[PDB]
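Everything below concerns the one structure shown next.
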Amino acid sequence: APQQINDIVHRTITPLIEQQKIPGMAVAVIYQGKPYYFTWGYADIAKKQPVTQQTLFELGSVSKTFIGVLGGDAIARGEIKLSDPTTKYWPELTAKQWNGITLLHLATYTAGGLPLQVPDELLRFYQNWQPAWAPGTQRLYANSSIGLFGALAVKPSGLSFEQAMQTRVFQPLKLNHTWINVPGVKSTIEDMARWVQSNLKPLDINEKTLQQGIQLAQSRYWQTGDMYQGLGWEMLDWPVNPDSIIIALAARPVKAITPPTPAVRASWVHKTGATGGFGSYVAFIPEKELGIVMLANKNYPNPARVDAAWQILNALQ
């Protein structure tokens, strides 16, 4: 690796691993469209199996980006529109509320207060669930929302969510060691590097609908403060300071972006695994052809991920 990448990575990540007591981590820095790999500590922490470029990590909430891109791909295939009501794809949902709730609302956590997790205690739950606010006014980060989006998004495909993901996203992007097991995602630093490159430069992707799908996942649908909501991905205008980038449930009023702004290449585009309890983090700046994946098992505080990522990307940019 270039000395600059070498320097910034070790100068940044080692202090992170020791301050947070992280047992194992893999990092990929993509610089000018090329990945450079780094590993520390253990996958099997107890039995001391070292992290390698092929170590599988559970992505946790970073999984949502794959759902966002599969959704985008389905839009590009003419299969769904985000303005379609939820009841077009799940008619069993015969409630006062669900009319007026669109796929857009599900994909972007703006349905009106669907919960972060499906309660420990589905068709029963969803029918009974009533919205705290009108659809499309407040963003509340929710698995029960984007998880429902994904199940409905693949109804026109003639494939299970698992098959659609594998054949429309994993295979075309040659993500050979990436798995979903659906009755989310585990992957390797090599595959995640490739995932970052694909989202950094959709124009090198030859599958036409996927290229458009990746691009649609970075459209700006809602704005709250300095952040813009994509499909899975979240974005901020670049340059930004780490402080502006960054402790449970936050339901936030959003401004509708009508029509959604096409992917702005001058963006800090990112997703954290942190709100699910997973140590993964991805960020990239399309216009700089620059990105980073940080995979870990230990769920360390999210502000530390951003600081480290920003350190590295700011140095290289």
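Numbering, chain A: per Swiss-Prot, residues 20-140, 147-208, 238-300, 307-377 in sequence.
Per the header: X-ray crystallography, 2.1 Å.
Including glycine, each Cβ sits where the backbone N, Cα and C put it.
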Among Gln51, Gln116, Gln136, the candidate listed by Swiss-Prot alongside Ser80, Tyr166, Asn168, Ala334, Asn359 for beta-lactam is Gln136
One residue among the binding-site residues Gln136, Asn168, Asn359 has the fewest other C-beta atoms within 10 A of its C-beta, namely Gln136
Between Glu140 and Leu147 the deposited chain skips 6 residues, and the Cα-to-Cα distance in Å rounds to 10
Counting across all protein chains, other CB atoms within 10 angstroms of the CB of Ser80 (active site, acyl-ester intermediate) number 22
Within 10 angstroms of the C-beta of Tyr166 (beta-lactam binding site), the count of other C-beta atoms across all shown chains comes to 20
Counting only residues outside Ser80, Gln136, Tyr166, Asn168, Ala334, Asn359 in the same chain, those with C-beta within 8 angstroms of the beta-lactam site's C-beta centroid are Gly79, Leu135, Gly333, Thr335, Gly336, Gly337, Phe338
Flanks of unmodelled region: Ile300 and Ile307, 6 residues missing; rounded Cα separation in Å is 10
